[PDB]
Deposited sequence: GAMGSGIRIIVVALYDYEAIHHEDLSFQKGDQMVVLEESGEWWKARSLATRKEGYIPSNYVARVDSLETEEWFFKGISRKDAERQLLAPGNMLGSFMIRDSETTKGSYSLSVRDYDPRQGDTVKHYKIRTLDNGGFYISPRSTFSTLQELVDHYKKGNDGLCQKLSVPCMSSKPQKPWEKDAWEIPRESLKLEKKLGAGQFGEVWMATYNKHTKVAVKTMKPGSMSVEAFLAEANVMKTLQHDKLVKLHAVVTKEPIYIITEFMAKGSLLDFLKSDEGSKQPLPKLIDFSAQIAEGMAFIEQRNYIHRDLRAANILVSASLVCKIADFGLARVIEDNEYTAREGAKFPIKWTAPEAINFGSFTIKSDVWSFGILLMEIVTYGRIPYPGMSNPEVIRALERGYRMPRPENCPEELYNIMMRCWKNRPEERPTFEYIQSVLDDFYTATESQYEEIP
């Protein structure tokens, strides 16, 4: 028998799922991936619950200050997000020391501003934890209660835990293929050669984007094969692909990203208020999604700001992954234009142009040059001059992407690693403490 507990409020919106509240306890009756069957000790109702809205009784995940499966850089992003303050913190799964934990504290720096500092939490055997060997605690809870009442060593004392909203709710159980009836496509957002994109609703209570496809030479099953594999290639930095409408014309349902395309956002008012450190972060998140594609030996084919979507939180997500397979010369590498050889390295090139896009708020690549004009300049070894506000070192990342020889372009795994830590000397990643 296995008891879990509710981490947030949840109001049921489907036929058989249960409403519950933060603190509600439940018996687990099935583990069927994203949705679990459970009986509410509160209500006695048997029904479905999001597995990510609940965790096992008194396991650390129940603690307000604890965050499972967070990398060092997400911990930094989460902490720096609106609604946290000086001294905000979390304990989390240490990324580079398996089976261990790390403290992240929000701090302010006179000569740099708002930062996050990371401390390893130490534990061998014995049982307890310390960050400095003179100060030992038997549990993580005591650890935080100490550093909450004065910092004894650290760069900041701990106030309140890092804030966090409800997880996106998972998509409906057993709903990969959904009838068209289930959708109300409410507002047409865009319209191209290939289909349209609408803001729609799924079954009254879920906001989604829907791409509707004009029937090409691209076959029906042919298309679903691809969608089907793509839906398995889930990653935080790729747009969430929820369901498919199998019967022509095909519809594709993804999560709705409140701020639309990155290209739109940079050009938007809120866009143009964004400082460079934030612009590089976006870069890093895109590099992170592309690092994942890279690792799985795929290829995107159509990288550019117009195929990156931005959530209401300013998370960046790659869109159109896989679709470009099933179906703009300024973002495309010479090998790809001239002989049509698209590889991850031609992707690295386009990433290069995207960097330029981001750093210049969505201005067209090669402004004033036409397509033909551009193809020639490249041949003659030309590259875009460094814009104003572009750091020198970021300009060289771009230059490295635009190598003529593809095999001398960096890997995304590298680009990502440099961008993530663009403002931190390695030696400084973690804070030593005496």
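- According to the record, no C-alpha positions are given for deposited positions 1-7, 335-347, numbered from 1.
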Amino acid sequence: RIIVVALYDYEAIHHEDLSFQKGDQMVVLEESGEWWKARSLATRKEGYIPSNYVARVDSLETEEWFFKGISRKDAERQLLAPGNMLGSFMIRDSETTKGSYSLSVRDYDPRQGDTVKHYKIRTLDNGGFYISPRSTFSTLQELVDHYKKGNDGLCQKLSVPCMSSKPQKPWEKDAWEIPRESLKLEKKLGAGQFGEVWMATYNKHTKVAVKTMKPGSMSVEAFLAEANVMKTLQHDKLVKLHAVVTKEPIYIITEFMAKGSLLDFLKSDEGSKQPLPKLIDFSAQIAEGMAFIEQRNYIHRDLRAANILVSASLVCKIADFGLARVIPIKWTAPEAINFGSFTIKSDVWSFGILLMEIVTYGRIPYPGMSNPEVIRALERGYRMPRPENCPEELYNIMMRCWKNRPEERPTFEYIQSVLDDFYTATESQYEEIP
From here on, numbers count along this sequence of modelled residues.
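Between two forms, the rigid core is the largest collection of C-alphas that superpose within 1.5 Å.
- Choosing between 42-50 and 57-65, the greater Cα displacement from the shown form in 9 other deposited structures of this protein, fitted by the core, goes with 42-50.
- Relative to the displayed structure, the C-alphas of 209-217 lie farther away on average in 9 other deposited structures of this protein than those of the other candidate, with 331-339 and 209-217 compared after rigid core superposition.
- Checked against the other entries of this protein, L124 counts as unresolved in at least one third of those spanning it.
- The mean C-alpha temperature factor is higher for 121-129 when 121-129 and 263-271 are set side by side.
- When the two stretches 163-171 and 202-210 are set side by side, the higher mean Cα temperature factor goes to 163-171.
- The PDB entry assigns its highest CA temperature factor, among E255, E186, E221, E177, to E221.
- Highest C-alpha temperature factor among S311, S217, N307, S182 per the entry: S217.
- In the PDB entry, a CA B factor belonging to the middle third of its chain's modelled residues is recorded for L143.
- For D320, the recorded CA B-factor ranks within the middle third of the chain. Only modelled residues enter the ranking.
- Sort the modelled residues of the chain by CA B factor and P50 lands in the lowest third.
- Ranked by C-alpha B-factor against the other modelled residues of its chain, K345 falls in the lowest third.
- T332: CA B factor in the middle third of modelled residues in this chain (values from the PDB entry).
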